[PDB]
């Protein structure tokens, strides 16, 4: 492939644990181990807003653009929501009695999912005073990642250190199915292929592998090997035929999504990679990753 990758913006900071693109402004949100969150305009290279949220790591953060909010989760057990235009704190509540690993936002209903070291996923309804609408129980270790199926967001996936992915339906108490990944050091990350042509999911593990799954047959389609330490994440790009992964080995890898072979390994020089975002409508094919020593926003093509 000819990826002709370009560095749009990179900056140094404390360890970046969460990262997200705004869908209509050229902004990236980073959430840091130091308790701070930053919003950067990566085209003008100017800091839009930052907040010292807490003294504990902020492990998860997303835009909720349609409400002009960011939502963040931290090791002090709290979910907090801020208006990014005013800095006003909209809500602040204890969500789990343990670390919050991952937050996902429903695209068309006022729902947020949080996944936690307390072994659960919780569904919150912001139009019902941030009510706890449902708790999804069944995992047996830390829930590391939650993601809605973008083609059917009445369902979502959770990836867990118990070596499984569970796929759930809103309003139902048990998984539609449990995938036994064979990733024996656990699942750190799960994501969906975004287009209707493939029923695919992808998982990343401390066992150095990435696996692609057909969620209709439950078969493992491919195993991607090459990373040299824990794989923090792997995602399908929304508009290019590639998969992007990142690792504690300090690299991003770009894999061909047809052949499942590595195309490019990038050492961006920020030590360990922890988190990923892709621009949701594929603007400039932008991707962004957070690392021990800061973040980078890259364009492809």
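Residue numbers count along the first chain shown, from 1.
Chemist: Going by the average Cα B-factor in the PDB entry, point out whether 262-270 or 55-63 comes out higher.
Modeler: The stretch with the larger mean CA B-factor is 262-270.
Chemist: Look over 248-256 and 42-50 in the entry and identify the one with the greater average Cα temperature factor.
Modeler: Result of the comparison: 42-50.
Chemist: Place residue 291 in the lowest, middle or highest third of its chain's C-alpha B-factors, as listed in the PDB entry.
Modeler: Lowest third - that is where residue 291 ends up once the chain's C-alpha B-factors are sorted.
Chemist: Would you mind ranking residue 124 by its C-alpha B-factor against the rest of the chain and naming the third, lowest, middle or highest?
Modeler: Answer is lowest: the recorded C-alpha B-factor places it there.
Chemist: Among the chain's modelled residues, which third holds the C-alpha B-factor of residue 25?
Modeler: CA B-factor rank for residue 25: highest third.
Chemist: For residue 235, return the chain-relative third of its C-alpha B-factor as stated in the PDB record: lowest, middle or highest.
Modeler: Ranked within chain, residue 235 CA B lands in the lowest tercile.
Chemist: What third of its chain's C-alpha B-factors does residue 279 belong to: lowest, middle or highest?
Modeler: For residue 279, the deposited C-alpha B-factor lands in the highest third.
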